[PDB]
Amino acid sequence: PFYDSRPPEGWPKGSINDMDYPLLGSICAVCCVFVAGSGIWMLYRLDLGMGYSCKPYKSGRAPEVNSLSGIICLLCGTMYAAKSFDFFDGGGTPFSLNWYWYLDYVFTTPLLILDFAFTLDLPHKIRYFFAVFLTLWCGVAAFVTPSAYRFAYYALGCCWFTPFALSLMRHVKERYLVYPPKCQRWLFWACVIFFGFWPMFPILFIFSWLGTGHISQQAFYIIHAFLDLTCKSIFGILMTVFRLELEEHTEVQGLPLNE
Amino acid sequence: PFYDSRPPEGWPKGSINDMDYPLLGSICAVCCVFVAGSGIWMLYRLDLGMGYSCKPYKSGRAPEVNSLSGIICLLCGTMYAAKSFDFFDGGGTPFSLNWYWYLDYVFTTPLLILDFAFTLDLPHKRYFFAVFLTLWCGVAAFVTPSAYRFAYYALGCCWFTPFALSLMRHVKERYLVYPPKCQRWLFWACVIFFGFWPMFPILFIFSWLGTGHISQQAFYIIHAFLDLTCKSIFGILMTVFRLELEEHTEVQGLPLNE
Amino acid sequence: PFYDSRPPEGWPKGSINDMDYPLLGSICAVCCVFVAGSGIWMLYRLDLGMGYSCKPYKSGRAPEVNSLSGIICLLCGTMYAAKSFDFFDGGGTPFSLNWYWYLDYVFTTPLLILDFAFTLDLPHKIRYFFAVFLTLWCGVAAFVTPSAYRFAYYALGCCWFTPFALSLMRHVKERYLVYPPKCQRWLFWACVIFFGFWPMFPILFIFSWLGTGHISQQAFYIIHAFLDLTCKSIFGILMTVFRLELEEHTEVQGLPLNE
Ligand SMILES: *C/C=C(C)/C=C/C=C(C)/C=C/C1=C(C)CCCC1(C)C
Ligand SMILES: *C/C=C(C)/C=C/C=C(C)/C=C/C1=C(C)CCCC1(C)C
Ligand SMILES: *C/C=C(C)/C=C/C=C(C)/C=C/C1=C(C)CCCC1(C)C
Ligand SMILES: [K+]
Ligand SMILES: [K+]
Ligand SMILES: [K+]
Ligand SMILES: [K+]
Ligand SMILES: [K+]
Ligand SMILES: [K+]
Ligand SMILES: [K+]
Ligand SMILES: [K+]
Ligand SMILES: [K+]
Ligand SMILES: [K+]
Ligand SMILES: [K+]
Ligand SMILES: [K+]
Ligand SMILES: [K+]
Ligand SMILES: [K+]
Ligand SMILES: [K+]
Ligand SMILES: [K+]
Ligand SMILES: [K+]
Ligand SMILES: [K+]
Ligand SMILES: [K+]
Ligand SMILES: [K+]
Ligand SMILES: [K+]
Ligand SMILES: [K+]
Ligand SMILES: [K+]
Ligand SMILES: [K+]
């Protein structure tokens with residue numbers, strides 16, 4: 001999709017691409033290591049067995065959808081390795097996963113909500129997947145649109161995120177009472193991350209360089225690196241622990257849910 | 001994928017991009033509203049229950065593949081909102097869903113046939129990929145400036161002609177299964193399918209990339225109407241056919257003619 | 001994604017794009033015909049029935065995942081028809097499936113391993129799919145990166161292919177003892193192709209024009225056309241014959257596996 005490139009003399013001074021690229025690349029490398037290691041741990045723990053007792057699977061293999069968390073974390077870590085490669089090369093690299101904002105997210109966070117929908121047995125998994133997909137593509141369109149119509153694209157995304165986030169919460173609540181108090185605690189701390197960090201992205205858009213102009217692109221990159229460390233890595237860890245508690249309750253102890 | 005952009009002085013006069021952009025944007029906005037509302041109604045009606053009696057689902061939720069029609073209509077409505085944004089900005093916008101013809105279709109109409117294959121229990125749900133490939137052969141045909149675009153078009157005609165011939169046959173095998181009311185709804189859906197899908201290849205020949213009889217603006221209006229028919233009306237007809245099928249088999253418990 | 005195009009006077013002499021385009025287009029057309037015909041035969045044979053006896057399916061239709069081999073071969077044949085169109089037009093065509101190396105592969109070979117995972121009942125089908133996906137995208141990034149960081153991208157791909165290829169082999173071995181000796185023979189000849197031709201691509205990268213500079217882009221195109229004739233077409237034929245023998249053993253004769 002690329003047309004632009006870093007000028008031979010470098011990015012013009014004062015432009016949004018005139019960033020601290022060694023620092024951004026170091027942050028991206030650290031994020032890559034952390035998120036990829038978290039995904040590797042999730043896959044290894046999933047292969048260990050069901051619950052904290054590590055009860056062997058009857059088929060000898062874990063459910064395929066249960067690998068979604070670790071797969072998403074490993075894909076995010078690989079894209080952050082690519083981001084570190086792009087930043088350490090000075091930015092504007094032909095294969096830049098940093099250039100088009102939220103283009104990487106159209107790969108992780110839809111699958112992520114799918115994983116969430118598979119972990120909580122949430123209804124309308126395809127509906128939630130496509131809502132997140134369209135919201136992220138509206139964000140990509142807003143960040144590639146140089147006119148005021150980007151605020152239209154943003155609004156379009158806000159027309160896809162506000163219902164979804166309102167629906168998901170409701171559905172999440174319907175599942176929350178089902179689970180035992182310990183799984184409820186893990187789910188509570190995962191939903192705190194979800195419903196307190198997903199709304200941050202729309203707010204960050206308004207104060208970014210494409211909005212009120214209060215947040216620079218470098219600060220945007222650092223903020224979104226921390227958000228991906230939270231929304232992918234920490235949220236996936238919390239989902240893995242919630243799954244372990246649910247399996248210990250229902251598969252190891254055989255106890256029924258509060259449904 | 002974009003390399004081109006609207007020139008600072010505007011699109012050159014007499015070029016294919018020198019179109020009535022306020023009119024195209026208004027048409028795209030109306031299409032967005034209509035198709036998105038149709039998808040919202042499809043999802044709401046699906047959540048209402050099975051059949052016309054709105055029989056509650058045993059699990060409390062509808063089948064996931066049954067949301068395909070409304071999801072496709074909502075995705076098409078969102079892409080038409082993006083198209084209206086592009087047209088109202090004068091065209092040639094970096095995120096232009098109007099520039100690359102049939103690029104948007106690679107997202108809807110494959111899923112659409114999937115929905116169709118899921119609604120009629122059609123074999124080789126193959127079909128999807130065939131449509132996929134066909135549409136990509138269209139995309140290339142509209143980005144190739146040489147005569148080899150007619151090769152790409154022909155390649156698509158080598159993927160659409162068998163598929164459309166196979167689908168019909170398979171559709172016929174399912175048509176006798178369904179009751180006469182579901183048969184009526186299926187008949188009116190298949191009329192749209194087999195009478196409007198062939199239009200796109202014919203429209204290619206007489207477009208600016210063929211005989212030069214249809215301008216790009218007329219192409220946009222024609223395809224807006226076609227998307228209003230192939231996505232919106234066809235999805236409505238499929239929803240009504242599903243409602244009749246559920247009323248026959250799930251509410252009344254009657255068996256199919258299989 | 002295209003920015004470049006063939007210059008009005010043609011590709012500069014001595015450049016990597018200054019290739020024998022009629023020859024490349026003829027090779028691509030022959031490959032298209034062969035691979036598309038192999039996919040058509042695979043789908044027709046699948047529709048014939050189970051096993052060598054062509055036992056009719058109970059539902060009257062074959063399993064959907066069993067069409068993966070023929071679908072992949074037909075998609076590869078269509079992409080090779082597009083490649084022949086691009087080459088016969090002189091290269092650098094806006095819809096060039098030859099320009100971005102391994103970009104076409106991100107469409108076939110993941111599905112291919114999925115097909116493999118479905119044919120051998122291999123665990124972690126999604127994990128293998130995403131590993132191949134990420135390896136191929138790392139290859140695409142390496143072949144679009146003009147700096148030394150391409151060797152980083154390559155290494156990233158080598159960090160995704162080496163574990164996967166090591167895991168797959170192990171899992172394949174666990175399945176190999178299950179199957180009867182005839183299915184074992186067909187599986188052996190398919191795994192020979194897999195584990196002896198998939199490692200070739202990383203080695204070909206090193207000696208290509210983006211590495212040591214020993215293999216030209218034209219030679220790369222011919223080599224990869226032959227590899228796609230082997231990895232898609234011949235491997236799909238071997239998988240179809242293995243499936244036919246397995247169905248003759250288990251569905252026609254009703255005999256159990258060595259599990
Ligand atoms: C790990 C990454 C995550 C969880 C990304 C989440 C993204 C969103 C909640 C998207 C937000 C936006 C929309 C509401 C539309 C306007 C633009 C965005 C992308 C900032
Ligand atoms: C709502 C949109 C629909 C139903 C689109 C349908 C598209 C086709 C039937 C595709 C037609 C073409 C081919 C046969 C190949 C040549 C190029 C196309 C895209 C016009
Ligand atoms: C029919 C095509 C096939 C089987 C393609 C296979 C591709 C690979 C085994 C990929 C190899 C590479 C990686 C290990 C990363 C570095 C770059 C590649 C793409 C050469
Ligand atoms: K995760
Ligand atoms: K996991
Ligand atoms: K990322
Ligand atoms: K990007
Ligand atoms: K940028
Ligand atoms: K970005
Ligand atoms: K799960
Ligand atoms: K997760
Ligand atoms: K629809
Ligand atoms: K629907
Ligand atoms: K559309
Ligand atoms: K487009
Ligand atoms: K155009
Ligand atoms: K278009
Ligand atoms: K359906
Ligand atoms: K539909
Ligand atoms: K194959
Ligand atoms: K096949
Ligand atoms: K190919
Ligand atoms: K390409
Ligand atoms: K090239
Ligand atoms: K290539
Ligand atoms: K299979
Ligand atoms: K195969």
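Numbers restart at 1 for each chain; the letters A, B, ... are given by sequence-line order, proteins then strands. Just so you know, these numbers use all the heavy atoms, side chains as well, and skip hydrogens, waters and symmetry mates.
Remark: aromatic rings of C:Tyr128 and C:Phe164 are close, center separation under 6.0 Å. Aromatic ring centres of C:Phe143 and C:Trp209 lie closer together than 6.0 Å. Note: B:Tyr148 and C:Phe88 fail the aromatic proximity criterion, with ring centroids not under 6.0 Å apart. For an aromatic pair to be called close, the ring centres must be under 6.0 Å apart, and C:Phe161 with C:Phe201 fails this.
A salt bridge between A:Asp115 and A:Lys232 is absent, with no side-chain N of the basic residue lying under 4.0 Å from a carboxylate O of the acidic one. Note on A:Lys83 versus A:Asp228: no salt bridge recorded, every NZ/NE/NH1/NH2 to OD/OE distance being 4.0 Å or above. For C:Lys55 and C:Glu247, the salt-bridge test fails: no basic side-chain N is under 4.0 Å from an acidic carboxylate O.
Note that the CG atom of A:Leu43 and the CG atom of A:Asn66 stand 10.5 Å from one another [nearest 0.5 Å]. The structure places CE of A:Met239 at 13.5 Å from CZ of A:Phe118, a figure rounded to the nearest 0.5 Å. Rounding to the nearest 0.5 Å places CZ of B:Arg126 at 10.5 Å from CG of C:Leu68. A distance of 11.5 Å separates CZ in C:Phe226 from CE in C:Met200, rounded to the nearest 0.5 Å. Rounding to the nearest 0.5 angstrom, the gap separating the CZ atom in C:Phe129 from the CG atom in C:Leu134 is 10.0 Å. Expressed to the nearest 0.5 Å, how far CD of C:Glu259 lies from CG of C:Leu177 amounts to 9.0 Å.
Panel note: side chain C:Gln218, backbone C:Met19; no donor-acceptor pair is recorded below 3.5 Å. Panel note: side chain C:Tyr221, backbone C:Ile27; no donor-acceptor pair is recorded below 3.5 Å. With C:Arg150 contributing its side chain and C:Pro146 its backbone, the two residues share a donor-acceptor pair below 3.5 Å. The closest donor-acceptor contact from the side chain of C:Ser96 to the backbone of C:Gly92 lies at 3.5 Å or more, if one exists at all.
With sequence neighbours excluded, no residue forms a side-chain hydrogen bond (donor to acceptor under 3.5 Å, both in side chains) with A:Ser84.
C:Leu168 places a side-chain heavy atom less than 4.5 Å from the side chain of C:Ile113. At least one side-chain heavy atom of C:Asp121 sits less than 4.5 Å from a side-chain heavy atom of C:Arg175. The side-chain heavy atoms of C:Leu97 and C:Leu103, taken from C-beta on, include no pair separated by under 4.5 Å. In this structure, the side chains of A:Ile237 and A:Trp41 come closer than 4.5 Å at one or more pairs of heavy atoms. The side-chain heavy atoms of C:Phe194 and C:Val172, taken from C-beta on, include no pair separated by under 4.5 Å. Two residues are said to be in side-chain contact when any heavy atoms from C-beta on lie closer than 4.5 Å; A:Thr93 and A:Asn98 fail this criterion. Proximity of C:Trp101 to C:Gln217: side-chain heavy atoms (C-beta onward) are separated by under 4.5 Å at one or more points. Residues C:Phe85 and C:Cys28 form no side-chain contact, since every pair of their non-hydrogen atoms from C-beta on lies 4.5 Å or further apart.
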Please determine whether ring-ring contact (aromatic ring centres under 6.0 Å, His included) holds for the pair C:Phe235 and C:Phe116, giving the CA-CA distance in whole Å, both sets of side-chain angles, and the decisive distance to 0.1 Å. CA-CA 10 Å; C:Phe235 174 85; C:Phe116 201 42; 5.4 Å; yes

Given the rule in the side-chain contact (heavy atoms from CB on, under 4.5 Å) test, do A:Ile71 and A:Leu111 qualify, once you have shown the distances and angles that lead to the verdict? CA-CA 9 Å; A:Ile71 277 159; A:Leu111 282 173; 5.5 Å; no

Quick one: do C:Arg127 and A:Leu46 satisfy side-chain contact (heavy atoms from CB on, under 4.5 Å)? Show the steps, please. CA-CA 12 Å; C:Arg127 285 192 217 181; A:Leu46 177 72; 3.5 Å; yes

Show the numbers, then the answer: is there a side chain to side chain donor-acceptor pair (under 3.5 Å) between B:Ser166 and B:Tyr127? CA-CA 9 Å; B:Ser166 186; B:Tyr127 277 132; 2.9 Å; yes

Determine, step by step, whether C:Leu246 and C:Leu257 satisfy the side-chain contact (heavy atoms from CB on, under 4.5 Å) criterion, reporting the C-alpha distance in whole Å, the side-chain angles of both residues, the deciding distance to 0.1 Å, and the verdict. CA-CA 9 Å; C:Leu246 193 54; C:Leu257 289 179; 3.6 Å; yes

Go through C:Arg243 and C:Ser69 one step at a time and tell me if the side chain to side chain donor-acceptor pair (under 3.5 Å) criterion holds. CA-CA 11 Å; C:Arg243 221 177 291 119; C:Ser69 324; 2.8 Å; yes

side-chain contact (heavy atoms from CB on, under 4.5 Å) between C:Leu74 and B:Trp159, worked out: CA-CA 10 Å; C:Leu74 275 153; B:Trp159 267 108; 3.7 Å; yes

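With respect to C:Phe205, the ring pair (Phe, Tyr, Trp, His ring centres under 6.0 Å) criterion is satisfied by exactly one of C:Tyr102, C:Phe220, C:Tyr154: C:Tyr154.
Across C:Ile193 and C:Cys231, no two heavy atoms sit closer than the pair CG2-CA, 4.5 Å. Smallest separation of non-hydrogen atoms from C:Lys125 and C:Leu122: NZ-O, 2.6 Å. Taking both residues in full, the closest heavy atoms of C:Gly51 and C:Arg45 are given as O-NH2, 2.7 Å, listed atom of the first, atom of the second, then distance. Across all their heavy atoms, A:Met42 and A:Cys73 have their closest contact at CE-SG, 3.5 Å. Contact detail for C:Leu204 and C:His224: the closest heavy-atom pair is CD1-CE1, 3.9 Å. When all heavy atoms are compared, the tightest approach of A:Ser38 to A:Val35 is OG-O, 2.7 Å.
Residue pairs meeting the salt bridge (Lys or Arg N to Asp or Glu O under 4.0 Å) criterion with at least one member in residues 190-217 of chain C: none, sequence neighbours excluded.
In the model, C:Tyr179 has no side-chain atom that pairs as donor or acceptor with a side-chain atom of C:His249 under 3.5 Å. When only modelled atom types and interatomic distance are considered, C:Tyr176 and C:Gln184 share no side-chain donor-acceptor pair under 3.5 Å.
Between A:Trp99 and A:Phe2, the angle of the ring planes lies from 30° to 60°, which puts this pair in the tilted group. Relative orientation of the C:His124 and C:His171 rings is tilted, given thresholds of 30° and 60° on the angle between their planes. Using the six-membered ring where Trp is involved, B:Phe128 and B:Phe132 have ring planes that are parallel, under 30° apart on the 30 and 60° scheme. By the 30° and 60° cut-offs, the orientation of the rings of A:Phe95 relative to C:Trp137 is tilted.
No more than 12 heavy atoms of other residues, nucleotides or ligands sit less than 6.0 Å from atom CH2 of C:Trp189.
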